[PDB]
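# Tertiary structure, described
So the chains spell out like this:
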Amino acid sequence: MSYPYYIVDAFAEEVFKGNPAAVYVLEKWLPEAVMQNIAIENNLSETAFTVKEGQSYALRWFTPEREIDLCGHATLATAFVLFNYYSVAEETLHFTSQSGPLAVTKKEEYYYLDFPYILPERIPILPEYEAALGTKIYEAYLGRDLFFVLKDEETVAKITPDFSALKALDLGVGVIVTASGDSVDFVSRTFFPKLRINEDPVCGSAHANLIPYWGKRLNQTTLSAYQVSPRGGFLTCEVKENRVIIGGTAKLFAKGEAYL
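The rules we used
- Residues numbered from 1 in each chain as written, not as in the entry; some residues may be left out.
- Heavy atoms only, no water.
- UniProt positions renumbered as here; feature names shortened; annotations may be inferred.
- Helix = DSSP H or I, 4+ residues; strand = E, 2+ residues; numbered from the N terminus.
- Rg over C-alpha atoms; globule rule 2.2 N^0.38 Å.
- Buried < 20%, exposed > 50% of the residue type's maximum accessible area, 1.4 Å probe, protein only.
- Domains from an automatic or database assignment.
- Contact = heavy atoms within 4.5 Å.
- Buried area = accessible area lost by both parts, 1.4 Å probe.
- Salt bridge = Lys/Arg side-chain N within 4 Å of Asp/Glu carboxyl O.
- Polar contact = N/O pair within 3.5 Å; in protein donor to acceptor, adjacent residues only side chain to side chain.
- Pairing = 2+ DSSP bridges.
- Expected span 1.5 Å × (residues − 1).

Per the PDB entry, the chain goes by the name phenazine biosynthesis protein PhzF family and belongs to Enterococcus faecalis. Per the PDB header, the entry is named "Crystal structure of phenazine biosynthesis protein PhzF family (Enterococcus faecalis)". Looking at the chain in UniProt, the text filed under Sequence similarities (unreviewed entry) is "Belongs to the PhzF family."

## Things to note about the overall build of the chain
Assigned secondary structure in the chain consists of six helices and 18 strands. Over its C-alpha atoms the chain spans a radius of gyration of 18 Å, differing by no more than 12% from the 18 Å that the globule rule assigns to 260 residues. Each principal axis of the C-alpha distribution contributes one length, and for the chain these read about 55 × 35 × 30 Å. In the chain, which comprises 260 residues, the share counted as buried stands at 52%.

## A word on the domain arrangement of the chain
With domains assigned, the chain is organised as domain 1 (1-116 + 249-260) and domain 2 (117-248). Listed per partner, the contact involves 23 residues of domain 1 and 22 residues of domain 2. A combined buried area of about 1,900 Å² lies between domain 1 and domain 2, and 53% of that area is made up of carbon and sulfur atoms. Of all residues in domain 1, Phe-11, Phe-115 and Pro-116 give up the largest surface area on contact with domain 2, accounting jointly for 39% of the area buried on that side. For the pair domain 1 and domain 2, the interface holds three salt bridges. Put simply, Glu-65 and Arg-196 hold a salt bridge, and the shortest N to O gap is 3.6 Å. The interface formed by domain 1 and domain 2 holds 14 residue pairs in polar contact in total. Per-element accounting of the side of domain 1 that touches domain 2 gives the leading share, six residues, to strand β8 (residues 110-115).

## Side note on the pairing of strand β1 (residues 2-10)
Across nine bridges, β1 lies against strand β18 (residues 250-259) in antiparallel orientation. Residue pairing across strands places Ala-10 opposite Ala-250, the latter belonging to β18. As paired elements, β1 and strand β2 (residues 19-25) share five bridges and run antiparallel to each other. When the sheet's bridge partners are listed, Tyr-6 is paired in β2 with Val-23.

## Observations regarding helix α2 (residues 72-85)
In this model α2 runs 20 Å from its N-terminal to its C-terminal C-alpha over 14 residues, within 8% of the 20 Å that 1.5 Å per residue would give. Burial in α2 covers these residues: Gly-72, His-73, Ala-74, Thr-75, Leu-76, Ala-77, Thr-78, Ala-79, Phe-80, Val-81, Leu-82 and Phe-83. Note on α2: the residue one or two positions beyond its end, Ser-87, has a positive phi of about 45°.

## Quick word on the UniProt feature "active site" (unreviewed entry) in the chain
When the UniProt feature table is mapped onto this chain numbering, "active site" (unreviewed entry) sits at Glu-46. With respect to the helices and strands, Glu-46 occurs in the loop between α1 (32-42) and β3 (47-53). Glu-46 sits in the buried class, given a relative accessible area of 2%. Sequence-distant contacts of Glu-46, that is, excluding residues within four places in its chain, are made with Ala-21, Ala-22, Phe-62, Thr-63, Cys-71, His-73 and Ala-74.

In structure tokens, the structure reads:
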């Protein structure tokens, strides 16, 4: 009847920032329906459910709509609560998702996720792109999402896109916007109107395109980043051969118990 849960703001130093997710560490699996209903109920970005299976932790993510293939901030969140509340001694957690094995590594107050090294390829700068964004796009690229480079951090932060216009664009799943950071290496913001989510405060998977791009362009192995969403979010980045690493802090917003 009682199921402990945690609400954590991933990639946040303090509450109300970063990207929020609810994580449920269960002793056994709940029915698919119940887990879906819980996600609808708390209406948060994503609700992660995990159960220790051997030495790995089986992960499962759900949004208010249905189960997704993967979500980074929610993985970091699940890691955060296992590391801080379920006494895991090892510096690395191993998960067994539907998208294959995942690993998060704790180093001090940071949690590290790994993503594929995917440099986005040049794309034509359509004027309908600059229209939806409401600003000038200096460079354009494509990967899983459209990838536009803007003037500066001030411009990235300030823009307010026509989300209905962006949903209409043909290419990509989402839209990424970047620029040279004022106090950090690079900043970004990610929009996913095609997926109901107008703006993700911090999509880590987007850094598969972000990190490669800025590492090559800035000529560095390590970069500091900040997804300048309203909520904000810091990310420490590293370039490896065929893989990128993002590390971020986390903050517990709430802890409690759900009753079923």
